[PDB]
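Working notes for the structure below.
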Amino acid sequence: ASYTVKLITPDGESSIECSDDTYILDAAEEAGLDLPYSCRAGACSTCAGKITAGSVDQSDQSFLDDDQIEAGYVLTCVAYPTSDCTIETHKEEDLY
């Protein structure tokens with residue numbers, strides 16, 4: 001399955017295709033976007049984004065708390081799309 005991922009960045013929106021077995025950060029990088037990351041392992045907030053439509057599988061995430069997850073926050077470095085989705089990027093600074 002190929003999903004359309006609309007990335008809402010501080011500098012503009014860009015829609016990319018992302019396979020069901022590709023992490024959203026990896027898809028973004030292949031498409032030529034420059035999204036933030038550090039550990040690439042689900043254990044920080046550098047790569048945080050926020051889902052505003054659709055769904056992901058981020059079962060390997062181990063930084064976000066349940067309230068953050070229920071608000072739509074996602075660790076892009078470990079999140080596979082499970083539908084077409086819309087994700088706001090560069091959201092680390094919105095976390096508290």
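For the structure tokens, the naming scheme is as follows: chains receive sequential letters (A, B, ...) according to their order of presentation, residues are indexed from 1 within each chain, and ligands are indexed from 1 in presentation order.
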
Every residue of chain A that DSSP places in strand (DSSP E), as a PDB file with N, CA, C and O atoms, in the first residue's frame:
```pdb
ATOM      1  N   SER A   2       0.488   2.190  -0.838  1.00  0.00           N
ATOM      2  CA  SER A   2       1.145   3.526  -0.967  1.00  0.00           C
ATOM      3  C   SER A   2       0.151   4.572  -0.425  1.00  0.00           C
ATOM      4  O   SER A   2      -0.981   4.638  -0.852  1.00  0.00           O
ATOM      5  N   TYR A   3       0.565   5.376   0.551  1.00  0.00           N
ATOM      6  CA  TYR A   3      -0.291   6.404   1.141  1.00  0.00           C
ATOM      7  C   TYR A   3       0.243   7.797   0.781  1.00  0.00           C
ATOM      8  O   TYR A   3       1.462   8.023   0.600  1.00  0.00           O
ATOM      9  N   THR A   4      -0.655   8.735   0.670  1.00  0.00           N
ATOM     10  CA  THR A   4      -0.267  10.130   0.477  1.00  0.00           C
ATOM     11  C   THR A   4      -0.142  10.763   1.869  1.00  0.00           C
ATOM     12  O   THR A   4      -1.116  10.744   2.628  1.00  0.00           O
ATOM     13  N   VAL A   5       1.032  11.336   2.143  1.00  0.00           N
ATOM     14  CA  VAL A   5       1.288  11.977   3.395  1.00  0.00           C
ATOM     15  C   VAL A   5       1.450  13.439   3.130  1.00  0.00           C
ATOM     16  O   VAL A   5       2.390  13.826   2.457  1.00  0.00           O
ATOM     17  N   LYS A   6       0.549  14.259   3.632  1.00  0.00           N
ATOM     18  CA  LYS A   6       0.662  15.737   3.475  1.00  0.00           C
ATOM     19  C   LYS A   6       1.411  16.283   4.684  1.00  0.00           C
ATOM     20  O   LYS A   6       0.899  16.196   5.823  1.00  0.00           O
ATOM     21  N   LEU A   7       2.615  16.777   4.462  1.00  0.00           N
ATOM     22  CA  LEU A   7       3.467  17.323   5.516  1.00  0.00           C
ATOM     23  C   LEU A   7       3.346  18.805   5.568  1.00  0.00           C
ATOM     24  O   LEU A   7       3.612  19.502   4.576  1.00  0.00           O
ATOM     25  N   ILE A   8       2.874  19.296   6.710  1.00  0.00           N
ATOM     26  CA  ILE A   8       2.643  20.709   6.945  1.00  0.00           C
ATOM     27  C   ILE A   8       3.810  21.200   7.740  1.00  0.00           C
ATOM     28  O   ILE A   8       3.900  20.976   8.922  1.00  0.00           O
ATOM     29  N   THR A   9       4.728  21.855   7.051  1.00  0.00           N
ATOM     30  CA  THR A   9       6.002  22.325   7.653  1.00  0.00           C
ATOM     31  C   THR A   9       5.894  23.820   7.893  1.00  0.00           C
ATOM     32  O   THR A   9       5.053  24.494   7.283  1.00  0.00           O
ATOM     33  N   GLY A  12       6.031  25.530   4.485  1.00  0.00           N
ATOM     34  CA  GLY A  12       5.140  25.140   3.401  1.00  0.00           C
ATOM     35  C   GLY A  12       4.646  23.729   3.556  1.00  0.00           C
ATOM     36  O   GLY A  12       5.205  22.912   4.317  1.00  0.00           O
ATOM     37  N   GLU A  13       3.601  23.414   2.777  1.00  0.00           N
ATOM     38  CA  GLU A  13       3.073  22.053   2.797  1.00  0.00           C
ATOM     39  C   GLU A  13       3.666  21.265   1.652  1.00  0.00           C
ATOM     40  O   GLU A  13       3.866  21.774   0.528  1.00  0.00           O
ATOM     41  N   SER A  14       3.925  19.981   1.861  1.00  0.00           N
ATOM     42  CA  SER A  14       4.347  19.140   0.737  1.00  0.00           C
ATOM     43  C   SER A  14       3.757  17.756   0.855  1.00  0.00           C
ATOM     44  O   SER A  14       3.955  17.104   1.926  1.00  0.00           O
ATOM     45  N   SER A  15       3.090  17.273  -0.176  1.00  0.00           N
ATOM     46  CA  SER A  15       2.522  15.925  -0.170  1.00  0.00           C
ATOM     47  C   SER A  15       3.516  14.976  -0.824  1.00  0.00           C
ATOM     48  O   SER A  15       4.079  15.290  -1.901  1.00  0.00           O
ATOM     49  N   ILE A  16       3.776  13.857  -0.151  1.00  0.00           N
ATOM     50  CA  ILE A  16       4.679  12.839  -0.599  1.00  0.00           C
ATOM     51  C   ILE A  16       3.961  11.500  -0.611  1.00  0.00           C
ATOM     52  O   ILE A  16       2.914  11.352   0.014  1.00  0.00           O
ATOM     53  N   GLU A  17       4.492  10.526  -1.366  1.00  0.00           N
ATOM     54  CA  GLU A  17       3.984   9.141  -1.222  1.00  0.00           C
ATOM     55  C   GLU A  17       4.881   8.424  -0.240  1.00  0.00           C
ATOM     56  O   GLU A  17       6.102   8.746  -0.108  1.00  0.00           O
ATOM     57  N   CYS A  18       4.264   7.566   0.550  1.00  0.00           N
ATOM     58  CA  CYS A  18       4.963   6.756   1.531  1.00  0.00           C
ATOM     59  C   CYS A  18       4.326   5.376   1.590  1.00  0.00           C
ATOM     60  O   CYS A  18       3.127   5.221   1.850  1.00  0.00           O
ATOM     61  N   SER A  19       5.141   4.360   1.375  1.00  0.00           N
ATOM     62  CA  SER A  19       4.725   2.984   1.488  1.00  0.00           C
ATOM     63  C   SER A  19       4.302   2.633   2.908  1.00  0.00           C
ATOM     64  O   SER A  19       4.796   3.258   3.871  1.00  0.00           O
ATOM     65  N   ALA A  48       9.366  14.983  16.434  1.00  0.00           N
ATOM     66  CA  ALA A  48       7.913  15.052  16.708  1.00  0.00           C
ATOM     67  C   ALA A  48       7.137  15.775  15.616  1.00  0.00           C
ATOM     68  O   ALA A  48       7.535  16.839  15.130  1.00  0.00           O
ATOM     69  N   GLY A  49       6.035  15.167  15.234  1.00  0.00           N
ATOM     70  CA  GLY A  49       5.022  15.856  14.408  1.00  0.00           C
ATOM     71  C   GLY A  49       3.678  15.595  15.054  1.00  0.00           C
ATOM     72  O   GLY A  49       3.564  15.092  16.192  1.00  0.00           O
ATOM     73  N   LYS A  50       2.600  16.111  14.427  1.00  0.00           N
ATOM     74  CA  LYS A  50       1.244  15.974  14.961  1.00  0.00           C
ATOM     75  C   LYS A  50       0.347  15.611  13.836  1.00  0.00           C
ATOM     76  O   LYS A  50       0.234  16.364  12.904  1.00  0.00           O
ATOM     77  N   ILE A  51      -0.336  14.487  13.978  1.00  0.00           N
ATOM     78  CA  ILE A  51      -1.314  14.020  13.000  1.00  0.00           C
ATOM     79  C   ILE A  51      -2.564  14.846  13.109  1.00  0.00           C
ATOM     80  O   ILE A  51      -3.144  14.972  14.193  1.00  0.00           O
ATOM     81  N   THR A  52      -3.023  15.434  11.993  1.00  0.00           N
ATOM     82  CA  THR A  52      -4.310  16.092  11.947  1.00  0.00           C
ATOM     83  C   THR A  52      -5.375  15.400  11.091  1.00  0.00           C
ATOM     84  O   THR A  52      -6.577  15.740  11.143  1.00  0.00           O
ATOM     85  N   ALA A  53      -4.978  14.392  10.322  1.00  0.00           N
ATOM     86  CA  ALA A  53      -5.907  13.495   9.637  1.00  0.00           C
ATOM     87  C   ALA A  53      -5.205  12.178   9.398  1.00  0.00           C
ATOM     88  O   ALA A  53      -3.992  12.184   9.170  1.00  0.00           O
ATOM     89  N   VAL A  56      -1.350   6.363  11.837  1.00  0.00           N
ATOM     90  CA  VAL A  56       0.003   5.799  11.742  1.00  0.00           C
ATOM     91  C   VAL A  56       0.083   4.625  12.680  1.00  0.00           C
ATOM     92  O   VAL A  56      -0.695   4.478  13.638  1.00  0.00           O
ATOM     93  N   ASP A  57       1.124   3.828  12.445  1.00  0.00           N
ATOM     94  CA  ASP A  57       1.602   2.802  13.386  1.00  0.00           C
ATOM     95  C   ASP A  57       2.943   3.269  13.888  1.00  0.00           C
ATOM     96  O   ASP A  57       3.938   3.294  13.134  1.00  0.00           O
ATOM     97  N   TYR A  73       0.151  13.485  18.589  1.00  0.00           N
ATOM     98  CA  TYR A  73       1.620  13.580  18.421  1.00  0.00           C
ATOM     99  C   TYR A  73       2.201  12.239  17.946  1.00  0.00           C
ATOM    100  O   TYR A  73       1.728  11.167  18.247  1.00  0.00           O
ATOM    101  N   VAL A  74       3.236  12.328  17.123  1.00  0.00           N
ATOM    102  CA  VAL A  74       3.843  11.202  16.471  1.00  0.00           C
ATOM    103  C   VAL A  74       5.363  11.404  16.354  1.00  0.00           C
ATOM    104  O   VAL A  74       5.827  12.542  16.110  1.00  0.00           O
ATOM    105  N   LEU A  75       6.124  10.346  16.564  1.00  0.00           N
ATOM    106  CA  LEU A  75       7.586  10.355  16.364  1.00  0.00           C
ATOM    107  C   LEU A  75       7.765   9.905  14.896  1.00  0.00           C
ATOM    108  O   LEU A  75       7.684   8.705  14.540  1.00  0.00           O
ATOM    109  N   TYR A  80       4.933   4.474  10.699  1.00  0.00           N
ATOM    110  CA  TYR A  80       4.512   4.027   9.363  1.00  0.00           C
ATOM    111  C   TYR A  80       3.106   4.596   9.156  1.00  0.00           C
ATOM    112  O   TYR A  80       2.266   4.512  10.060  1.00  0.00           O
ATOM    113  N   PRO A  81       2.817   5.112   7.965  1.00  0.00           N
ATOM    114  CA  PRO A  81       1.427   5.516   7.720  1.00  0.00           C
ATOM    115  C   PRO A  81       0.556   4.243   7.623  1.00  0.00           C
ATOM    116  O   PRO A  81       0.985   3.219   7.114  1.00  0.00           O
ATOM    117  N   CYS A  85      -2.621  10.531   5.224  1.00  0.00           N
ATOM    118  CA  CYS A  85      -2.564  11.337   6.465  1.00  0.00           C
ATOM    119  C   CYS A  85      -1.994  12.691   6.263  1.00  0.00           C
ATOM    120  O   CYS A  85      -1.369  12.950   5.255  1.00  0.00           O
ATOM    121  N   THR A  86      -2.221  13.532   7.242  1.00  0.00           N
ATOM    122  CA  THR A  86      -1.751  14.905   7.257  1.00  0.00           C
ATOM    123  C   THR A  86      -1.042  15.055   8.567  1.00  0.00           C
ATOM    124  O   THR A  86      -1.595  14.719   9.612  1.00  0.00           O
ATOM    125  N   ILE A  87       0.233  15.480   8.498  1.00  0.00           N
ATOM    126  CA  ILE A  87       1.074  15.588   9.670  1.00  0.00           C
ATOM    127  C   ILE A  87       1.785  16.948   9.674  1.00  0.00           C
ATOM    128  O   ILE A  87       2.474  17.304   8.720  1.00  0.00           O
ATOM    129  N   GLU A  88       1.616  17.667  10.782  1.00  0.00           N
ATOM    130  CA  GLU A  88       2.313  18.884  11.027  1.00  0.00           C
ATOM    131  C   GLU A  88       3.678  18.525  11.552  1.00  0.00           C
ATOM    132  O   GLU A  88       3.766  17.705  12.444  1.00  0.00           O
TER     133      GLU A  88
END
```

Q. Which neighbours of region 35-45 of chain A fall inside 8 Å, counting only C-alpha atoms, when residues of the same chain fewer than 5 positions from it are skipped, and could you give them as a ChimeraX atom specification?
A. /A:25,28-29,60-64,75,77-78,89-90,92

Would you save the residues from that selection as a tab-separated table (two decimals), in the first residue's frame, using N, CA, C and O atoms?
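Listing of out-v9.tsv after writing:
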```tsv
chain	number	residue	atom	x	y	z
A	25	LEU	N	9.59	9.71	8.21
A	25	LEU	CA	10.81	10.50	8.09
A	25	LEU	C	11.69	10.08	6.89
A	25	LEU	O	12.22	10.90	6.12
A	28	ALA	N	10.14	11.15	3.68
A	28	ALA	CA	10.31	12.59	3.52
A	28	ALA	C	11.71	12.87	3.00
A	28	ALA	O	11.89	13.63	2.05
A	29	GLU	N	12.68	12.19	3.57
A	29	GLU	CA	14.05	12.43	3.15
A	29	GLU	C	14.25	11.99	1.73
A	29	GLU	O	14.91	12.70	0.96
A	60	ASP	N	6.82	1.34	17.89
A	60	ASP	CA	8.16	1.38	18.43
A	60	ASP	C	8.54	2.67	19.13
A	60	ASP	O	9.64	2.76	19.65
A	61	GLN	N	7.60	3.59	19.31
A	61	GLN	CA	7.85	4.87	19.99
A	61	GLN	C	7.91	4.63	21.48
A	61	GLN	O	7.13	3.87	22.03
A	62	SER	N	8.84	5.29	22.15
A	62	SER	CA	8.98	5.19	23.58
A	62	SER	C	9.53	6.49	24.14
A	62	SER	O	10.57	6.50	24.84
A	63	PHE	N	8.92	7.59	23.75
A	63	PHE	CA	9.10	8.88	24.34
A	63	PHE	C	7.78	9.59	24.68
A	63	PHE	O	7.66	10.25	25.67
A	64	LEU	N	6.75	9.46	23.87
A	64	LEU	CA	5.51	10.26	24.01
A	64	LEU	C	4.62	9.56	25.05
A	64	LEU	O	4.45	8.33	25.07
A	75	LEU	N	6.12	10.35	16.56
A	75	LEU	CA	7.59	10.36	16.36
A	75	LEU	C	7.76	9.91	14.90
A	75	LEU	O	7.68	8.71	14.54
A	77	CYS	N	10.20	9.48	13.01
A	77	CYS	CA	11.28	8.52	12.70
A	77	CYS	C	10.92	7.05	12.87
A	77	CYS	O	11.61	6.21	12.32
A	78	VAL	N	9.81	6.79	13.59
A	78	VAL	CA	9.37	5.45	13.83
A	78	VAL	C	7.92	5.17	13.49
A	78	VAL	O	7.30	4.20	14.00
A	89	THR	N	4.75	19.05	10.99
A	89	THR	CA	6.09	18.76	11.39
A	89	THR	C	6.64	19.83	12.34
A	89	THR	O	6.01	20.87	12.62
A	90	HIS	N	7.86	19.58	12.79
A	90	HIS	CA	8.60	20.51	13.70
A	90	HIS	C	7.79	20.86	14.93
A	90	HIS	O	7.71	22.00	15.33
A	92	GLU	N	8.25	19.57	18.07
A	92	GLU	CA	8.92	19.32	19.38
A	92	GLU	C	8.66	20.49	20.37
A	92	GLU	O	8.45	20.28	21.57
```

Q) How far is it from CA of residue 68 (chain A) to CA of residue 94 (chain A), in Å with one decimal? A)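 Going from CA of residue 68 (chain A) over to CA of residue 94 (chain A) covers 10.5 Å.
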
**Q.** Straight-line distance linking CA of residue 79 (chain A) with CA of residue 96 (chain A), stated in Å to one decimal
**A.** 20.9 Å
